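Undergrad: Experimental structure and sequence below.
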Protein chains: 2
Amino acid sequence: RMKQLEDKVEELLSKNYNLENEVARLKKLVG
Amino acid sequence: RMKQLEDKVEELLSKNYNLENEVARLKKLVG
């Protein structure tokens, strides 16, 4: 359950970086 | 430390939803 929470943090960070990369691409298009 | 991981999951989810909202606004501008 400790490991499960750790896995979830790691998964959400990966998703966050994927979203940050998307934001950056879209801002490059607008900018 | 269980609580600390839980807090971190909650924080990353909030950040993720903030990024998803930003993506949606930018796509509305492009679309």
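TA: Good, I have the coordinates. Numbering: from 1, shown residues only, chains lettered A, B, ... in the order given.
Undergrad: Identify the residues contacting the residue nearest to the spatial centre of chain A.
TA: Nearest to the centroid of the C-alpha atoms of chain A, with distances taken as C-alpha atoms, centre = their mean, sits residue A:16, at 1.5 Å. Listed by C-beta atoms under 8 Å, 6 or more residues apart in numbering or on different chains, the contact set of residue A:16 reads B:12, B:15-16, B:19. Where C-beta positions appear, they are placed from N, C-alpha and C, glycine not excepted.
Undergrad: Kindly provide the distance from residue A:11 to residue B:7.
TA: Distance of residue A:11 to residue B:7, computed by C-beta to C-beta, to the nearest Å: 16 Å.
Undergrad: residues from chain A in reach of chain B?
TA: Neighbours of chain B within chain A, by C-beta under 8 Å from any C-beta of the partner chain: A:1-2, A:5-6, A:8-9, A:12-13, A:15-16, A:19-20, A:22-23, A:26-27, A:29-30.
Undergrad: PyMOL command for the buried members of those?
TA: This is the PyMOL syntax for the buried subset of the residues of chain A next to chain B, where burial follows 16 or more other C-beta atoms under 10 Å in any protein chain shown:
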select buried, chain A and resi 5+8+9+12+15+16+19+22+23+26
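Undergrad: Tell me which stretches of chain A form helices.
TA: Using DSSP state H, the helices of chain A run over A:2-30.
Undergrad: show me the contacts for residue A:13.
TA: residue B:12.
Undergrad: and what of residue A:27?
TA: Here residue A:27 is in contact with residue B:26 (criterion: C-beta under 8 Å, 6+ apart).
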